[PDB]
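Student: Dropping a structure here in structure tokens format, bear with me for questions.
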Amino acid sequence: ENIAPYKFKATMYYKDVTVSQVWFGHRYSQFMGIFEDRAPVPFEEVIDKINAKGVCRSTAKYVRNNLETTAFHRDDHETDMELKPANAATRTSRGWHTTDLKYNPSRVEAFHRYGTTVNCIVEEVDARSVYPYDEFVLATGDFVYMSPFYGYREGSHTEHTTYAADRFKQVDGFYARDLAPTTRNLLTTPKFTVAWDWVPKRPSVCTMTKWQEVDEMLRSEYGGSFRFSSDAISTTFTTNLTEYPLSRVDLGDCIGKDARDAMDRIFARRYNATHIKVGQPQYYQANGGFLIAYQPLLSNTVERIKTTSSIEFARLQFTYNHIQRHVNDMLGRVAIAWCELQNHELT
Amino acid sequence: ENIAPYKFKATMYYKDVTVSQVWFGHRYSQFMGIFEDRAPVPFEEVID
Amino acid sequence: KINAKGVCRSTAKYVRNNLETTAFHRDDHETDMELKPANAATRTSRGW
Amino acid sequence: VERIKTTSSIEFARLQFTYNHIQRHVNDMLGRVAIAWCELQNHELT
Amino acid sequence: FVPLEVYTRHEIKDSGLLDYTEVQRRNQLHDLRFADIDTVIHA
Amino acid sequence: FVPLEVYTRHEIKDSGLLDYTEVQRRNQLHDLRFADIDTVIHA
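Those protein sequences? They're chains A, B, C, D, E and F, same order as listed.
Sequence positions in the first sequence follow the entry's author numbering and run 152 to 330, 338 to 459, 492 to 537.
Sequence positions in the second sequence follow the entry's author numbering and run 152 to 199.
Sequence positions in the third sequence follow the entry's author numbering and run 200 to 247.
Sequence positions in the fourth sequence follow the entry's author numbering and run 492 to 537.
Sequence positions in the fifth sequence follow the entry's author numbering and run 683 to 725.
Sequence positions in the sixth sequence follow the entry's author numbering and run 683 to 725.
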């Protein structure tokens, strides 16, 4: 069972409206309050000046908490700062910020002076979503209440969003900035904007993970249940005789392609000139929730599955079955030879 | 060993005192600060 | 004053967010309060 | 200079020990059985 | 041999009192659920 | 017997959408990365 969340790059654009309030006193100056806010940048800004010219305005026009507000950085008129990369850090993805300090009013004695600050920050993170891929998270701890695959083309509108259509715009033929045409995907959450290269859901996600590639997996039907014994990985699975229809596995598209590639690679590497495939690859569902893609050989002569967290049941099954085959075979030979000895000694 | 925590319903009552400070400017209006506070409701309020 | 006399000033002189600011507690002139232990709590390390 | 990475399951090694213990025992005992069986056959030849 | 777990990874995850996902997922719904993030007022 | 895990502890840790370490480690770099914490301005 795939418990690895969906992972993909994502670009977070926001202006840190961090307004400060300062008092200048008779002998020294102290704050009265500092408000910080994360302000979204409109779609048109990301397209026209983040993607095209790598600049960003000194104003952050956004509707904050049911009111439209813009913040003139420097407390001066609007100006578009050339974006620049942030200072270095250890294993953090690339970030970029226009402003590098915070504006503060010059001292005027015994007066209350308010100080604004806008740092139009562009930062790239990696996003993470989990089934049902209803909404996804970004590294900064924030959220985006919408499926990673929501959009317009190819039934993307089916996938869940939790925003009015105005907040969610999409670019076709998007040219990624040098900071190949793409299909970029932007949402203006009440704090920021997230852009990730939109991709079709079913091919780009899966609820099953390729766990192992057994080069030799003996199969033996027994007691109305298949036994899948792998001497290489020391494991013996058990499944029902009926195959497992892939249509029942939710978002199981990856299984067919990954399986096919794995059996083809293994066949080329080891069984190209010794065996021949018999029938198209089969799929069985094992105890402990292990979908098995099985490709029988011969010598030239809708739901979600749940997987256990302990192979040790299956490894015990394999060890016990191996030892039992051996001891049963050997004690059977002993008993047969003992009968033959008795009948032979009768003379 | 029970490591499953104790679970039970619970009803949370509060008033989000979210006070905002706004400036109206010569040509446009911008905040000066927004304070949000979670305020308890007295027992008698919940009851009555 | 923390290591030697266990006192601390009523002013907090520090550069906050690219600006130097100090805060006179009590809104009065500077005074060094004798440190005292905080009230009790359950399996929290000592505070003052 | 490097850093080693440790698995999260001793059960591979505990299976290795259990299987090796049982295998030593059964191989030793079936070897004794086969040896005694040969000796029995050669002995019964008379 | 049936699969056996003293503690499935779900209850092991649930053993924690809180978690980022649930906790501030709810904490950032708070604005969406208990306020409008689209309506604009001018006067 | 080769070591075998259906889920290594790394992917079990990664199964969570977020985590304090990554999340607010980044969230408190935010100031350092996107601002100066040493420059002092007086006027």
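Note that CB positions come from ideal geometry on N, CA and C, so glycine has one too.
Starting from the beta carbon of residue 521(D), find every residue of chain A whose beta carbon is closer than 8 Å, and list them in chain order.
Tutor: Within the fourth sequence, numbered from 1, the residue matching residue 521(D) stands at position 30. Chain A residues near residue 521(D): 520.
Student: Quick one: is residue 179(B) buried, meaning 16 or more other Cβ sit within 10 Å of its Cβ, or exposed?
Tutor: The sequence position of residue 179(B) within the second sequence is 28, counting from 1. Exposed: under 16 other Cβ atoms inside 10 Å.
Student: Residues of the segment 704–719 of chain F in Cβ contact with chain C at a cutoff of 9 Å, in chain order, please.
Tutor: 713, 717, 718, 719
Student: Between residue 319(A) and residue 289(A), is the Cβ-Cβ spacing less than 7 Å?
Tutor: The residue labelled residue 319(A) in the question sits at position 168 within the first sequence. The residue labelled residue 289(A) in the question sits at position 138 within the first sequence. Cβ atoms of residue 319(A) and residue 289(A): not closer than 7 Å.
Student: In angstroms, rounded to a whole number, what distance separates the CA positions of residue 193(B) and residue 231(A)?
Tutor: On the second sequence, residue 193(B) is found 42 positions in, with the first residue counted as 1. On the first sequence, residue 231(A) is found 80 positions in, with the first residue counted as 1. Distance between the alpha carbons of residue 193(B) and residue 231(A): 51 Å.
Student: Taking CB distances under 7 Å as the criterion, tell me whether residue 505(A) reaches chain D.
Tutor: Position 315 of the first sequence, counted from the first residue, corresponds to residue 505(A). Yes, its Cβ sits closer than 7 Å to a Cβ of chain D.
Student: Only counting runs of 3 or more residues, tell me where the beta strand (DSSP E) segments fall wholly within the segment 195–222 of chain A, in order along the chain.
Tutor: 206–208
Student: For residue 170(A), go through chain B and note every residue whose CB falls closer than 8 Å to its CB, in chain order.
Tutor: As a position in the first sequence, residue 170(A) is number 19, starting the count at 1. Here the neighbours are 182, 183, 184.
Student: The alpha helix (DSSP H) with residue 426(A) in it runs from where to where?
Tutor: The residue you call residue 426(A) lines up with position 268 of the first sequence. From DSSP, the alpha helix (DSSP H) with residue 426(A) extends over 411–428.
Student: Give the residues of chain E in contact with residue 315(A), contact being defined as C-beta atoms less than 7 Å apart.
Tutor: Taking the first residue of the first sequence as position 1, residue 315(A) is located at position 164. Residues of chain E passing the Cβ test: 720.
Student: Assign residue 262(A) to one of three DSSP states: helix, strand, or coil.
Tutor: Along the first sequence, one-based indexing puts residue 262(A) at 111. In the structure shown, residue 262(A) sits in coil (DSSP, three-state: anything other than H, G, I, E or B).
Student: Between which two residues does the alpha helix (DSSP H) carrying residue 160(B) extend?
Tutor: As a position in the second sequence, residue 160(B) is number 9, starting the count at 1. Here residue 160(B) belongs to no alpha helix (DSSP H), and DSSP marks it neither H nor E.
Student: Specify, as a first and last residue, the run of the alpha helix (DSSP H) that residue 517(A) falls within.
Tutor: Taking the first residue of the first sequence as position 1, residue 517(A) is located at position 327. Its alpha helix (DSSP H) spans residues 502–535.
Student: Answer with buried or exposed for residue 715(F), where buried requires no fewer than 16 other C-beta atoms within 10 angstroms of its C-beta.
Tutor: In the sixth sequence, counting from the first residue as 1, residue 715(F) sits at position 33. By the neighbour-count rule (16 or more Cβ atoms within 10 Å), residue 715(F) is buried.
Student: In chain B, which residues lie with their C-beta within 8 Å of the C-beta of residue 699(E)?
Tutor: Taking the fifth sequence and counting its residues from 1, the one referred to as residue 699(E) is at position 17. Simply 156.
Student: Can you name the residues of chain I whose CB is closer than 7 Å to the CB of residue 265(A)?
Tutor: Of the chains in the structure shown, none is chain I; the protein chains are A, B, C, D, E and F.
Student: Going by C-alpha distance, which of 508(A), 317(A), 411(A) is nearest residue 368(A)?
Tutor: Against the first sequence, residue 368(A) aligns to sequence position 210. Ranking 508(A), 317(A), 411(A) by Cα distance to residue 368(A) puts 411(A) first.
Student: Let me know if residue 686(F) comes out buried or exposed under the rule of 16 or more other beta-carbons within 10 Å of its beta-carbon.
Tutor: Taking the sixth sequence and counting its residues from 1, one reaches residue 686(F) at position 4. The residue is buried, with at least 16 neighbouring Cβ atoms inside 10 Å.
Student: Sort 416(A), 390(A), 502(A) by Cα distance to residue 445(A) and report the nearest one.
Tutor: Here residue 445(A) refers to the residue found at position 287 when the first sequence is read from its first residue. Per the Cα distances, 502(A).
Student: Which class does residue 279(A) belong to by DSSP, given the choice of helix, strand or coil?
Tutor: As a first step, residue 279(A) is located in the first sequence; it is residue number 128 there, counting from the start. Note: residue 279(A) maps to strand in three-state DSSP.
Student: Identify which residue in 506(A), 291(A), 225(A) has its Cα closest to the Cα of residue 508(D).
Tutor: The residue given as residue 508(D) occupies position 17 in the fourth sequence. Comparing Cα-Cα distances from residue 508(D) to each of 506(A), 291(A), 225(A), the minimum goes to 506(A).
Student: On the three-state DSSP scale, how would you describe residue 705(E)?
Tutor: Position 23 of the fifth sequence, counted from the start, is the residue given in the question as residue 705(E). Helix.
Student: Are three or more beta carbon pairs between the segment 689–707 of chain F and the segment 515–532 of chain D nearer than 8 Å?
Tutor: no
Student: Which residue wins for smallest C-alpha separation from residue 222(A), given the options 392(A), 187(A), 526(A)?
Tutor: Position 71 of the first sequence holds residue 222(A). In this structure, 187(A) is the residue among 392(A), 187(A), 526(A) with its C-alpha nearest to the C-alpha of residue 222(A).
Student: Taking 7 Å as the CB-CB limit, is residue 702(E) close to chain F?
Tutor: Counting from one through the fifth sequence, the residue named residue 702(E) turns up at place 20. It does; some Cβ of chain F falls within 7 Å.
Student: Consult DSSP for residue 710(F) and reduce its assignment to one of helix, strand or coil.
Tutor: In the sixth sequence, residue 710(F) corresponds to position 28, counting from 1. The answer is helix: DSSP assigns residue 710(F) an H, G or I state.
Student: Let me know if residue 474(A) comes out buried or exposed under the rule of 16 or more other beta-carbons within 10 Å of its beta-carbon.
Tutor: Here chain A breaks off after 459 and picks up again at 492, leaving residue 474(A) without coordinates.
Student: Take every Cβ of the segment 227–241 of chain A, pair it with every Cβ of the segment 163–181 of chain A, and state whether three or more of those distances are shorter than 8 Å.
Tutor: Output reads no: the segment 163–181 of chain A does not touch the segment 227–241 of chain A.
Student: Who are the neighbours of residue 687(F) on chain D, taking C-beta pairs under 8 Å?
Tutor: Against the sixth sequence, residue 687(F) aligns to sequence position 5. The answer, in chain order, is 498, 499, 500.
Student: Could you tell me whether the Cβ of residue 221(C) comes closer than 7 Å to any Cβ of chain A?
Tutor: Within the third sequence, numbered from 1, the residue matching residue 221(C) stands at position 22. For residue 221(C), the closest Cβ of chain A is nearer than 7 Å.
Student: What residues from chain A crowd round residue 513(D), counting only those whose CB sits closer than 8 Å?
Tutor: Numbered from its first residue, the fourth sequence carries residue 513(D) at position 22. Per Cβ cutoff of 8 Å: 513.
Student: What does the alpha-carbon distance come out to for the pair residue 712(F) and residue 719(F)?
Tutor: Residue mapping note: residue 712(F) aligns to position 30 of the sixth sequence, counting from 1. Residue mapping note: residue 719(F) aligns to position 37 of the sixth sequence, counting from 1. Near 11 Å, if we compare the C-alpha coordinates of residue 719(F) and residue 712(F).
Student: Please classify residue 298(A): is it buried, with 16 or more other beta-carbons within 10 angstroms of its beta-carbon, or exposed?
Tutor: Sequence index remark: in the first sequence, residue 298(A) carries index 147 (1-based). Label assigned to residue 298(A): buried.
Student: Please classify residue 683(F): does DSSP put it in a helix, a strand, or coil?
Tutor: Taking the first residue of the sixth sequence as 1, we reach residue 683(F) at position 1. Residue state, collapsed to three classes: coil.
Student: Going by Cα to Cα distance, which pick from 361(A), 294(A), 363(A) is closest to residue 349(A)?
Tutor: Along the first sequence, one-based indexing puts residue 349(A) at 191. Considering only alpha carbons, the answer is 294(A).
Student: Would the beta-carbon of residue 257(A) fall within 7 Å of that of residue 717(F)?
Tutor: Here residue 257(A) corresponds to residue number 106 of the first sequence, with the count starting at 1. Here residue 717(F) corresponds to residue number 35 of the sixth sequence, with the count starting at 1. In this structure, residue 717(F) does not lie closer than 7 Å to residue 257(A) by Cβ.
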